[PDB]
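> Just to be clear, this is only the beginning of the complex, oriented as in the whole thing:
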Amino acid sequence: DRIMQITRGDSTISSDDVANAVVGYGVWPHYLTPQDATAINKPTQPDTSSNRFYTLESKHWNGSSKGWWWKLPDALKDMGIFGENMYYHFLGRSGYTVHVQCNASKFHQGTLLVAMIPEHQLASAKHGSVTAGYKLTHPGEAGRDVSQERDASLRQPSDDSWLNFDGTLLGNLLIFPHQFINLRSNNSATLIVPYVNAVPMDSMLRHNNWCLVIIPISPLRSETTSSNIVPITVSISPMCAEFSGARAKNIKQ
Amino acid sequence: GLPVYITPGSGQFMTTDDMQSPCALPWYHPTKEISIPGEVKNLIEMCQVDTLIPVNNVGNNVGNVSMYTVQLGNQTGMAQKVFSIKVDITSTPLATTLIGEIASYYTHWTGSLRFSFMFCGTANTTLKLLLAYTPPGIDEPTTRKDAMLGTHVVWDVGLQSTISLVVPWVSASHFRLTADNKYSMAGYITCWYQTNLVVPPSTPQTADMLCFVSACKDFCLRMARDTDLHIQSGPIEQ
Amino acid sequence: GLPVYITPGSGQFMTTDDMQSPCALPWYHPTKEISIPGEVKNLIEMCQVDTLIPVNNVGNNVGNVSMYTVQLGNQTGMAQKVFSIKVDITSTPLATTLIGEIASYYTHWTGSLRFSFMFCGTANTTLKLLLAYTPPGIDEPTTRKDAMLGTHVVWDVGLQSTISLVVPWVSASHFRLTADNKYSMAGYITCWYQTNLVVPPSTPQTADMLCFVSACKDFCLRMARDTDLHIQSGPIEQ
Amino acid sequence: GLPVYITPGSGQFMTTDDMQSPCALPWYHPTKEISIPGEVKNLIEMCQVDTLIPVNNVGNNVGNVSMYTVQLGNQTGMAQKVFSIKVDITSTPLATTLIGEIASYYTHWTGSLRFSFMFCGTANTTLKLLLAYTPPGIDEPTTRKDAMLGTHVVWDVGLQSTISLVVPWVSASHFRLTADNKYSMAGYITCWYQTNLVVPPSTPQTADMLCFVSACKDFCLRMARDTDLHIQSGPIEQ
Amino acid sequence: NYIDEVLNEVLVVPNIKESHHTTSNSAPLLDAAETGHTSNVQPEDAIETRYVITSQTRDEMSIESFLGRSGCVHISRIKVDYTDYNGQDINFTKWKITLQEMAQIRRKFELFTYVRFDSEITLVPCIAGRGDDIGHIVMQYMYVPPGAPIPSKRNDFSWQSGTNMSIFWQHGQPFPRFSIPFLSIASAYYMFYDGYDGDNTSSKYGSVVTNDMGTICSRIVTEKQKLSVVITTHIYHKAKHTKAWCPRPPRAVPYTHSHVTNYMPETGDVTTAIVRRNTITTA
């Protein structure tokens, strides 16, 4: 059966239609083990109050839309509790659940490719050795691209999709944990993903482990009034969040 | 001591040999190896995951994304043809594909292969395509009847959405070459309309189908060699 | 004889290899090895003994001894700050220390560390400092409150005299580099007044505190390399 | 390590040595070896199959086929002689023969040999030849009586058709040289009429006999060497 | 094990059984790829297959025979000088270790996010005679781990290697080769990274922030010679005892610079391997 129910905090999400769910690398997210660990302090593990279902800012799906991404450790730099614990601690570790909702009617035609990606080192739009800037790979709930315009003075990434922004023919992207949203069967997309990184707990600020991409493959096509807007809404849930290396507090940027 | 005879090959160097070497940095105890979700052990694995196919391998389209979609159209005529590509897995449009990209690292390939297609159409929309695998022997078929005569699969677009077409392994030589070779010609696969694309009122009349190719447990490669699909007409800076 | 193949590495020389060599002076029976009180077997041992820290790492002071004492003063204000140093054990003032001097012989370090402070004050004198370890992540704290928020230890000067502050190991990478590296930044430690330095009549009002650093059983190093802290811009004569 | 002494021969290269060599292409699993009807394992086998003999080793005949047939004629006289060849298996007409062609790959030969003759005559036709092996010692016999004195076989042409003459092994040296050598002279074999070739009415009066030579289980060769019977006064192009 | 390992039949592929026809309900050929999963359909499913006992090993399709092959990753060069010997920054090379100063091989890894392995380095010095006699040109290849005195010039004090590794090769004696343990403070070598040095809007971001493994300094010990030379000591690298995590789509755009992804060519339009077709209808 397609219907699905998910409960994460004080929050629950439902979906009367779906394309299974996917567990990234077939591993379920959980808490760190005293074997692979390294740190020495007792991690704070906000349960529920933290690893709950936060929903971001919504977006429009255009016939001119090109694609939009959000970087996870970062998308919730504001989402209460989790996103505070982030700033108060050096080491942060956590896994997520991605609920991608995008409905329209059975008279619509469209296809969205959704994918998560471990270490998504983007490329700059400008030739050289200048790497994308911080402040631009750190958008927030809002995400990046859309098909937007911007200063070329900024050590700005590639707004370039087909190359995967990293310069790998998108389409091989299917190698990363993914699924689509074929408006003719689908309604959502559900990605669940453990913590992948050569280190037991990284810097929630300097390093974004997971990177999520949603890309219109077959362009939205209705025959309706363009009064009919078909958003795309992303919801996320830290899972098995664990923090440590308590202290002052970083600063917003 | 031991009366020894130094053999011809002695003192050489091979970029492909299994031999031990004094380890500089004696007594070094490397960082432990923590647990990490998702580790590979065989190319194969990567080869069994369907990657998308550039097929709309046409002009301006090519540097864009569209280069991936195949719109199923009108068709005034009937029993008309959609597209074709040839099976020789190292041949654009194929090549670039996670598989192709790879295979191009080995000299020989073998086994069955899997082509999957998906309807990015509508819900209320309907269609029926006929896909076919025309083994090596003749020319890519000009007509459907001619092609329907060999290996194929009628595809009924419906509540499902994905039809997967298998490409049996037909060959003389247990093995085929990855490199373009008239001999090791794997054949062609093509797609045609069985019926049409009917859409009730106020639904678009063109729609797309995405296509993919993953391997079969049949599959296997050999004789590693350096790739085709990448010329570093560099160098590389700093 | 034995058909042998001479392998690539053969005939080389490595300043780091374990191999035997004909001993010139055959039949020599070395002087017996009498008993001698105190023999080492591991650098570690030396690393666990607290050596004094140059911290008064300031101008004219530096070539002298003072360069070791930290006088706890007046302080008109309250809740004021004493000093700070950063933890990266290869960073003057640290470096030169029996530990530092060492660590600078290896490429990587790890574990906890111990800082100890002693009151060379008076007997009738009193005070209470707050010491803190500000893990890597932000800037050395400008204010006490801000620093008190992380790892710390309030120190009550009294009949005891020595307070030992531990520096837990907080890091992402099981291991840190001994060499200056923005990544492997271990953080800062700082000291402030909790109360004051009160002295009854006719006792000096400034006094010193000595500070030290020894290792923790946590501790361990690796990847030996040649030191930093010593350039022989010689030579050396006769 | 192992005090070793490098022996004289060391580092050389011999087109004739059994030694191992690092295999480039590690981990390669060659195409399976399917079943194939008729596989050899010993030259011998090829040596035991009778190949045809050029004997009409005469002028214009030679570049043609005839060069293989021997027509048995009229013969006004009686007790007349047919042909002769010498046994030294590396001597045109012999040489070129599957055997000869071969033997010329080795320095020494030995054992018995088999000569077979067949009557491509008629059915109603009749004859009786006398074949003989004149061992090494004297000159190829000028007359039949003289030759009949040694090893021979009278051949009655009849419903059968093939008479096989054996060439025993007569020699001093267990072994003979394949190369022309006065010493290792194997001798001569010749053929003569015993009676005639009688044919009843309206049948041709000349007819042919084909001749062949296969080995005996006696047979064996040694000391491989490069052939005689083929000078590549080339090269060879593209 | 032997046979299986000598015959190289460790990882064998299944065989293709026999099939019969199916005029039945469940349609295996129909799945919805949107689930992001991969189909599971086989020959036997789609057709009326026969029976083929296989015999192909996926041995050579192992991250160790895919990775475990020596590759040029650096070509140290020294155009000697006899005029000024020593001097600052001369007649001695210093290279900062990395697998991406050379496409080829860089390519190959990059196929995965994380990697780990013990590395075997092979040195192929080639002495070009620009003189009428090259003499006896000895050589010293010293490995300088991070934070160490890197020779300012040719005879520092650092070429004493009292506690460093220096391999020596003298013309004639074979190629120097030596293995090295996995060197990383991390459980694995970061083939990629989505981190930075810091919050400094001028901080570094890439596979560099992370892997700074030291350097290799070359010297030609012998002293001053008469007839000049130029030495070219090639650095090959092999991965032995390798592991890999989370595969990635290969690279199709010729890179530029290392420790970066950047493709954006100098003017030229971004070029890729894909070829153009006149029509989809004929291949």
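On my side now, so go ahead. Residues are numbered from 1 along each chain as shown, chains lettered A, B, ... in the order given.
> alpha carbons only for contacts and neighbour counts from here, please
Fine.
> wait, doesn't residue B:229 sit right on residue B:103?
No: counting by Cα atoms under 8 Å, residue B:229 does not reach residue B:103; the two are 10.3 Å apart.
> out of these two, which sits in the more crowded spot?
residue B:103 (27 against 20; other Cα atoms under 10 Å in any protein chain shown).
> does the more buried one really touch residue B:109, like I thought?
Yes: under the criterion of Cα under 8 Å, residue B:103 makes contact with residue B:109 at 7.1 Å.
> Please enumerate the shared neighbours of the two.
Counting by Cα atoms under 8 Å, 6 or more residues apart in numbering or on different chains, the common neighbours of residue B:103 and residue B:109 are B:178, B:221.
> Find the residue at the geometric middle of chain E.
In chain E, the centroid-proximal residue (Cα atoms, centre = their mean) is residue E:105; its distance is 4.0 Å.
> Checking my notes, it in a helix, right?
Yes: secondary structure of residue E:105 (DSSP: H, G, I helix; E, B strand; the rest coil): part of a helix.
> For it, which residues are in contact?
Contacts of residue E:105 (Cα under 8 Å, 6+ apart): E:71, E:73, E:99.
> Flag every residue of chain B that's near chain A.
Contact residues (Cα under 8 Å from any Cα of the partner chain) of chain B with chain A: B:32-38, B:46, B:49-53, B:63-66, B:69, B:96-98, B:120-124, B:159-161, B:202-204, B:207-208, B:238.
> next up, chain F:
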Amino acid sequence: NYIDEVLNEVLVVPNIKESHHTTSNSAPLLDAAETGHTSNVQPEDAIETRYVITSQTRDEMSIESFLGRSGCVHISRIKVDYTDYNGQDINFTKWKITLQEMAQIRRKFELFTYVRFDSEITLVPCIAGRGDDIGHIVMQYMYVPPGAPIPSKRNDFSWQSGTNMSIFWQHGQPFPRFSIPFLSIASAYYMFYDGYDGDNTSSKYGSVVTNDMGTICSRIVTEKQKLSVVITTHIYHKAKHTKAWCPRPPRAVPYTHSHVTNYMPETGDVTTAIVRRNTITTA
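That brings us to chain F, laid onto the chains above:
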């Protein structure tokens, strides 16, 4: 086994028994060779033989001692240039592998229709000094399997061999030698073929349609030298662990070109080894 194998007495030939006379019916000397079979007659049959216990082995008459012998199959040559180094198609050789670029050996196989075996290749580089000092001339022999970047010229990117085989030999160190598995997509190497590329009345037909095994590219790594040279690296080949199917009549006409049978000499009448006799009557 040992003794039998060390003494080389594995395949021994029968002995010649003793005979007596026969004034009997069945005539073994009479058979009809038209049956295409071969007679079975022996000494003992035809004569009054004695008794000889034999002791000749047919060991050296084995497809492995007949085939298993190293033979020049190619002579790579490089008349270096220092004027233009690199340039297109220079100072680097590329040869397409085959056993028929050299009669001798080509001959020998051709004795059979099909063949199979593991091959051991031995490289004999010989450095001719055309200068007053040859220096240190290093060398790289890379094996390029079909469909691979073949160096356009001397330093491509293909000489990185990130996943290819390159053997290196430096003046002094001995002859390079390496073994190779049976390389064919087919169960055996097609010594011949009666097939074509296709129906194209312009298609290829021969032992070529089938065996295209790649190439071997030679380079002289060392860089620019002063005093010139010419290198001649000889390629010998040995067949170890060989099998053969369906023997054929040897070749008697000097060939021309490879992968073809063609004899038809340039003008000269087709010549063969057969000698001419005055008369059949005297030998």
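> Check the contacts of residue E:105 one more time with chain F there.
Per Cα under 8 Å, 6+ apart, neighbours of residue E:105: E:71, E:73, E:99, F:160, F:162, F:163.
> could you redo the last one with a cut-off of 6 Å?
residue F:162 (Cα atoms under 6 Å, 6 or more residues apart in numbering or on different chains).
> distance of the residue nearest to residue A:83 when sequence neighbours are not counted from chain C?
Leaving out its chain neighbours, the residue that sits closest to residue A:83 by Cα to Cα, 6 or more residues apart in numbering or on different chains is residue A:77, at 4.6 Å. Counting by Cα to the nearest Cα, to the nearest Å, the gap from residue A:77 to chain C is 16 Å.
> from memory residue A:77 sits against residue A:84, does it?
No: look at residue A:77 against residue A:84 with Cα atoms under 6 Å: they stay out of range, at 7.4 Å.
> Who has more neighbours out of those two?
Between residue A:77 and residue A:84, counting by other Cα under 10 Å, residue A:77 is the more crowded of the two (23 against 16).
> Name the helix or strand for that one, please.
Here residue A:77 sits in a region with no helix or strand, counting by DSSP states H and E.
> Distance-wise, check it relative to residue A:210.
According to Cα to Cα, to the nearest Å, residue A:77 and residue A:210 sit 14 Å apart.
> Same question for residue A:191.
For residue A:191, the distance to residue A:210 - Cα to Cα - is 12 Å.
> got a list of what residue A:39 touches?
C:169, C:170, C:171.
> put chain G onto that model:
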Amino acid sequence: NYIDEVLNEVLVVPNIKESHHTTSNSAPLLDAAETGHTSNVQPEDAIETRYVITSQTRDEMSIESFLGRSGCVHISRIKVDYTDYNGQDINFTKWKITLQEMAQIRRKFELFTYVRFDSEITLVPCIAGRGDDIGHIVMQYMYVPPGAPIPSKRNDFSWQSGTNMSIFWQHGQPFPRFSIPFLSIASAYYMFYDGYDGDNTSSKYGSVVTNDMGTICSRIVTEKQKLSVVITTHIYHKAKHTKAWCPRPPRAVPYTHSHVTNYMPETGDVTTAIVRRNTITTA
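Once chain G is put in with the chains from before, the structure reads:
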């Protein structure tokens, strides 16, 4: 043993247990360092620790991997002469053995008062061609224990080594290497000393009074050559099977001269590694 020794897990460090809070009397964080002893406080004591199973070996932190590494301790040089061969004090070197003619390594030991070990000496001769051809330059390295005929010049009678050790190296054949037993009349090598030769207010005082181990004399046997040369035979030293007693504070002042502690630079103010800070308040 193996695993533990191959895996290098011989000396492992304890793990960090878990803690809870303590609102209790005994304060482990308080000790009086004046006792001269060292505190014993740990993570678990001071904080609310977790549980980390460790896996770091203190193997590489052993006086044998700290000491057991080859280091340049001497660079014998011979600027040959052909004009006058032999002559007094020529074309033959004589060095008096010691580990302190080279900082680096000298440094390293000096970390301890007493030391003992078997030493492995490796000779790296490098022949610089100052001529148009170096020929065949043989070499003799003779070890002259205390009180022995030290060659006055090149061919004494002492180069007969009827009872001495002389190692011979001829261009091509590899680096000479040989081990030597602990040579001291004393149970250990005196890394330092607070003794003198005698009461003579002109007696010697240092690490010299004590260790006089003989000398090493180099010769270039070959006789007179045509085209000149200069030989530089580097002397590396490794400590195998070492022991150490009573550690000392490392050295921070660049020395001068050996067998002495003296730092007092020629004019320049005594310099040390310590850096200067503006203020203690900010690091």
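> now that chain G has been added, could you go back to the contacts of residue E:105?
residue F:162 are the contacts of residue E:105 under Cα under 6 Å, 6+ apart.
> same deal with residue B:32?
Contacts of residue B:32 (Cα under 6 Å, 6+ apart): residue E:187.
> Kindly report the same for residue B:102.
By Cα under 6 Å, 6+ apart, residue B:102 has no neighbours at all.
> element containing it, please.
Judged by DSSP H and E, residue B:102 forms part of helix B:100-103.
> Could you give me the buried positions within the biggest strand by length in chain B?
What stands out as the longest strand in chain B, according to DSSP state E, is strand B:188-198. Residues of strand B:188-198 classed as buried by neighbour count (16 or more other Cα atoms under 10 Å in any protein chain shown): B:188, B:189, B:190, B:191, B:192, B:193, B:194, B:196, B:197, B:198.
> Just say helix, strand or coil for the nearest residue to the third one once chain neighbours are set aside.
It stands for residue B:190. In this structure, residue B:190 finds its nearest non-sequential neighbour in residue B:84, 4.0 Å apart by Cα to Cα, 6+ apart. Three-state call for residue B:84 (three-state DSSP): strand.
> For chain C, what's its nearest residue on chain B.
residue B:4 (4.0 Å; Cα to the nearest Cα).
> Hmm, residue C:1 and that residue touching each other?
Yes: using Cα under 6 Å, residue B:4 is in contact with residue C:1, at 4.0 Å.
> and chain B, which residues reach chain E?
Contacts of chain B with chain E, taken as Cα under 6 Å from any Cα of the partner chain, map to B:15-16, B:21-24, B:31-34, B:38-43, B:49, B:57-59, B:83-85, B:92, B:161-164, B:168, B:229, B:232, B:236-238.
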